[PDB]
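Enquirer: task: produce atomic coordinates for the following.
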Amino acid sequence: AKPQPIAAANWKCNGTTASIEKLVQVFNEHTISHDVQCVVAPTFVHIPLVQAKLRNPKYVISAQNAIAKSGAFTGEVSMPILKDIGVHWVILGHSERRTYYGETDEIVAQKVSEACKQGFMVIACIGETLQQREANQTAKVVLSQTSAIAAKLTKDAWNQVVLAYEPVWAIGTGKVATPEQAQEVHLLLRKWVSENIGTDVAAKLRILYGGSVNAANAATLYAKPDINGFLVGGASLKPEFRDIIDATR
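Expert: Numbering: from 1, shown residues only. I have put the structure below:
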């Protein structure tokens, strides 16, 4: 009944040629025997290296960010440029970009809309801060983030969308959400999608959890009915990513 799971490696701003070659070999030698979409998101400058070395058939390569259009945007990489180089997945609205790099709900929504129009699969990130959770604002926050994205999408565009719920207080902190905490948010997100977008859209939508996922906590998170896989930061730089993938069996 669950849709196809996703196991996504957000390498963030990390890697050398040598370390990437070693880790890609690890990923290649791990034979995956179930239906799962694996994703690796290296830094922009490492995309060609990963494209040349990654051969595991369960994997696609994703960018960690993009802007919508080419032009006079020194330092940025656009969606047409990624498409031309063969990258058709992108992570958008990651908490680090919302916090450090000026990505408001509306800016994220515009990027997601443009990526969908350009044929990308999009991992769109949402999630509340510790302060918002303590103020009992978790649902209002994640639904505001999601509805801002939804307002710029047609119903058919949702076939390209994957949501990643990452409580900000769980990102890199060693304080993973409990299975109950994660499931509660995934449930309310799917209910909103069901009632506002469509029951069919909601049944097919992948909602991933991220924030301190590791190989030992992944299977119990995946056992929850509304969790469809993981967006993985620190543990995706390590060979234990193999067991995180296999925790989606």
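Enquirer: contacting residues for residue 166?
Expert: By Cβ atoms under 8 Å, 6 or more residues apart in numbering, the contact set of residue 166 is 94, 95, 125, 126, 127, 209, 210, 211, 231. For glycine as for every other residue, the C-beta is placed from the backbone atoms N, C-alpha and C.
Enquirer: phi, psi of it?
Expert: Note on residue 166: its backbone torsions stand at phi -130, psi 100 [degrees, to the nearest 10].
Enquirer: kindly report the same for the one 5 residues further on.
Expert: Residue 171 adopts backbone torsions of phi -80, psi 110, taken as degrees, to the nearest 10.
Enquirer: what about it, neighbour count?
Expert: 21 (other Cβ atoms under 10 Å).
Enquirer: centre of the chain versus the host helix or strand of residue 38, how much separation?
Expert: Element membership for residue 38 (DSSP states H and E) is strand 37-41. Centroid displacement of strand 37-41 relative to its chain, using Cα atoms, centre = their mean, to the nearest Å, is 9 Å.
Enquirer: who does it touch, helix- and strand-wise?
Expert: Judged by 3 or more Cβ pairs under 8 Å, 6 or more residues apart in numbering; DSSP states H and E, strand 37-41 is in contact with strand 6-10, helix 17-29, strand 59-63, strand 89-92.
Enquirer: not counting its own residues, what contacts that strand?
Expert: With contact meaning Cβ under 8 Å, 6+ apart, strand 37-41 is reached by 4-11, 24, 27, 32, 50, 54, 56, 58-64, 89, 91, 123, 236, 245.
Enquirer: and which of the contacts of residue 166 is nearest residue 46?
Expert: When these are ranked by distance to residue 46 (Cβ to Cβ), residue 94 comes first, at 17.0 Å.
Enquirer: CA-only coordinates of the helix or strand containing residue 96 in PDB, if you can.
Expert: Element membership for residue 96, per DSSP H and E: helix 95-100. Output of helix 95-100 as PDB, limited to C-alpha atoms (Å, rounded to 0.1, in the frame of the first residue of the first chain):
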ATOM      1  CA  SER A  95      16.500  24.200   6.400                       C
ATOM      2  CA  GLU A  96      20.100  25.500   6.000                       C
ATOM      3  CA  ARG A  97      19.000  27.500   3.000                       C
ATOM      4  CA  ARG A  98      15.900  28.800   4.700                       C
ATOM      5  CA  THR A  99      18.000  29.900   7.700                       C
ATOM      6  CA  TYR A 100      21.300  31.000   6.200                       C
END
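Enquirer: buried ones in that helix?
Expert: Neighbour counts over helix 95-100 (16 or more other Cβ atoms under 10 Å) mark 95, 96, 97, 98 as buried.
Enquirer: check stretch 223-239 too.
Expert: Neighbour counts over stretch 223-239 (16+ other Cβ under 10 Å) mark 224, 226-237 as buried.
Enquirer: stretch 182-193 too?
Expert: Buried residues in stretch 182-193 (16+ other Cβ under 10 Å): 182, 183, 184, 185, 186, 188, 189, 190, 192, 193.
Enquirer: who touches it?
Expert: For stretch 182-193, the external contacting residues (Cβ under 8 Å, 6+ apart) are 126, 138-139, 142-143, 146-147, 150, 158, 163, 165, 167, 201-202, 205, 207, 209, 221, 224-227.
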